[PDB]
């Protein structure tokens, strides 16, 4: 069995920053450090940080006075932020710069009382945080997940309309949603393409190349990782068996029995050590040397705040 590794895979700049923010905070101030939501959607990362004294909460009312609070990479609403800001808490923001970018555009539109549509998945913390930047009741903020959602949306003023997206969506599906927005709302304004980040785009392109060669694709990532789920789905839509797995123990032998070529990738929140262990397990199951595919070079790094060096 041949083992192929997707490229790029694994950690993006936002995840590496966000985890570093929590680690550094722990080093500097000691336990406990409170974190609003899982810092990234990865069980191994989260369990590790919890073992070191990070306490993960959903609501700010769970955090005691005087405490250090870190917002997760996914971002937070203005309401959450103001709810923290009014309290005695020392806040560090691990929100990925590429999510903040979208937040600022929503805020701009709200200031103008002009309606905005976000493309994204209901209930995801990034969607809650981005929708949560809009507060002007004279305008409006609408969530759409599909062309069908576009087809039934009505707005108050379609002459003054803009759209934004979640950073981790399917590039292909999002393109269909945008085509629908533009047919329904010909004057809608957006970015040139979408707000899908470089890392999401690149991993999706990489898993497409992988799935062209591999019969089976393993995506290292947790169940609640949006971007990780998109990688698995992409592979599945190409007719390959694909599994989203937290670690090597999750691999079932039937999945790779008599498979001549297995591919491995990792979502943006999955540490490389998890991939190494997955490879080690595939080798126990008869795989040879892991072969990295040729891939687009990524070179972006986001630094921690100077307050946390």
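Numbering follows the first chain given and starts at 1.
- Once the C-alpha B-factors are averaged per stretch, 286 to 294 and 18 to 26 rank with 286 to 294 first.
- Relative to its counterpart among 197 to 205 and 152 to 160, 152 to 160 has the higher mean temperature factor, C-alpha atoms as listed in the PDB entry.
- Per the deposited coordinates, the residue with the largest Cα temperature factor out of 128, 83, 179, 93 is 83.
- For the set 42, 276, 265, 59, the PDB entry puts the maximum C-alpha B factor at 59.
- When the CA B factors of the chain's modelled residues are split into thirds, the value for residue 121 lands in the middle one.
- In the deposited entry, the Cα temperature factor of residue 188 sits in the middle third of values across the chain's modelled residues.
- Annotation for residue 106: C-alpha temperature factor in the middle third relative to the rest of the modelled chain, per the entry.
- In the PDB entry, a CA B factor belonging to the middle third of its chain's modelled residues is recorded for residue 74.
- Ranked within its chain, residue 214 lands in the highest third, by CA B factor from the PDB record.
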